[PDB]
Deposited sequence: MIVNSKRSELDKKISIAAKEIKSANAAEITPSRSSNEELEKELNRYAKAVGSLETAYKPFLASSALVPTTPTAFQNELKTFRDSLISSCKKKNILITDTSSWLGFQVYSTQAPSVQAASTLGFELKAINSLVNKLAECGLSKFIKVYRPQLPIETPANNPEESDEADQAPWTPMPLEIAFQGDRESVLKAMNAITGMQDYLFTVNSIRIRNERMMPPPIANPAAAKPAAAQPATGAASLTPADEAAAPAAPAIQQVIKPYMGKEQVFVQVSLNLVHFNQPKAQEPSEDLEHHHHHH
């Protein structure tokens, strides 16, 4: 009975992955969820923030305190829910990878890493079909010259570990010659099988 339940789920997942364009193969591994307590998540968050601040210091990149929390400042003191820690750990790993790639582009300032909350964080405003993948939105803002902005676009596009799609870019006066960039993105999380104890 619980055997057939698991069999149904595993065959559902197998068909879900199979229906994907084989171009998504390099992105599938990192979508696997790692068991994570809320505290383990908070620790990984604070370590990533320390590494990022240190790296930006070494590279002469200014980074606001809100940016350095990688879109997860709400969990700097309050731990996330037990149900959401895995998924947040995925999104945190992805954003950490993305921001470090951007840190290699010769930018001059990281201004904002804004991350709308995912459904699983809020049970409040919520056994059929599961989507093959789900988007996770975020918006980043940074400042740099044109050379670095083009490098940043390419850095996002060339990523092989996490799939971020670029929904829009806006260029404004600064907040060589500096420009202020705001990028609206979706992180793609590929559907995972679930199995209760």
| item | value |
| --- | --- |
| Chain regions without C-alpha coordinates, deposited sequence numbering | 1 to 33, 160 to 164, 214 to 262, 285 to 296 |
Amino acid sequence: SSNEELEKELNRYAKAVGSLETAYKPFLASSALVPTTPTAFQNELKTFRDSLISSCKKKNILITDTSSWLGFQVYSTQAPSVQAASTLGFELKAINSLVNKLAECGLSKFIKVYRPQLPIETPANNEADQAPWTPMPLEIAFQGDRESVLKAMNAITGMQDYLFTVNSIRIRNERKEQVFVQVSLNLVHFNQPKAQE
From here on, numbers count along this sequence of modelled residues.
property	result
Higher-scoring stretch by recorded Cα B factor average, 96 to 104 or 75 to 83	75 to 83
Higher-B stretch (mean Cα B-factor, as the entry records it), 127 to 135 or 66 to 74	127 to 135
Options 28, 40, 52, 150 - largest CA temperature factor per the record	150
Lowest, middle or highest third - CA B-factor, residue 171	highest
Among modelled residues of the same chain, the CA temperature factor third for residue 186	lowest
